[PDB]
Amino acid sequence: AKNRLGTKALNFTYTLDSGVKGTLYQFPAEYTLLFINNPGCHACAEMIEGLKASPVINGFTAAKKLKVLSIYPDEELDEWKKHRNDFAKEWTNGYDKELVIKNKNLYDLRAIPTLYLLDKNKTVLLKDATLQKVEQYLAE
């Protein structure tokens, strides 16, 4: 259902810098914050900084309830490899090796960077949310 609220987000395979493979559906977390990024941009840098600074998100990450899964869906692997240490080490930072998200239109990429907040089953709690909307939801 194209990642609409209250439906299961679409699965995909990510590859880490180490070459390890995993999927969204295999990723364990009470809350997954899916962060679709192309770190070749200014809005992305500020979203990284915002996620690192956020009191609310930091409380949830420290309590082991929320995990950030960053996913790069585009072709510039060398540049992603260039920007990979921009991400917090604690986050799970991967790329879409096969370009499945793009080629199968699994997620709307027009306005990257984009956040989805997912529950333990990968049901969409927030679709294409701002950081402040994620904070508001979690502070409830």
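When you see a residue number, it is the position in the sequence shown, counting from 1.
Practice task
Between 118-126 and 11-19, point out the one with the higher average CA B-factor as the PDB entry records it.
Solution key: The stretch with the larger average C-alpha B-factor is 11-19.
Exercise for the section: Could you check the entry and say whether 106-114 or 73-81 has the higher mean CA B-factor? Expected result: Comparing averages over the C-alpha atoms only gives 73-81.
Practice task
Please work out which residue in 40, 55, 50, 28 has the highest C-alpha B-factor recorded for this crystal structure.
Solution key: Going by the entry's C-alpha B-factors, 40 comes out highest.
Handout entry: Among 68, 62, 36, 45 - the residue whose C-alpha B-factor is largest in the record
Key = Top of the list by C-alpha B-factor: 45.
Exercise for the section: Could you tell me which third, lowest, middle or highest, the C-alpha B-factor of residue 1 occupies within its chain? Expected result: As the PDB entry reports it, the C-alpha B-factor of residue 1 lands in the highest third of its chain.
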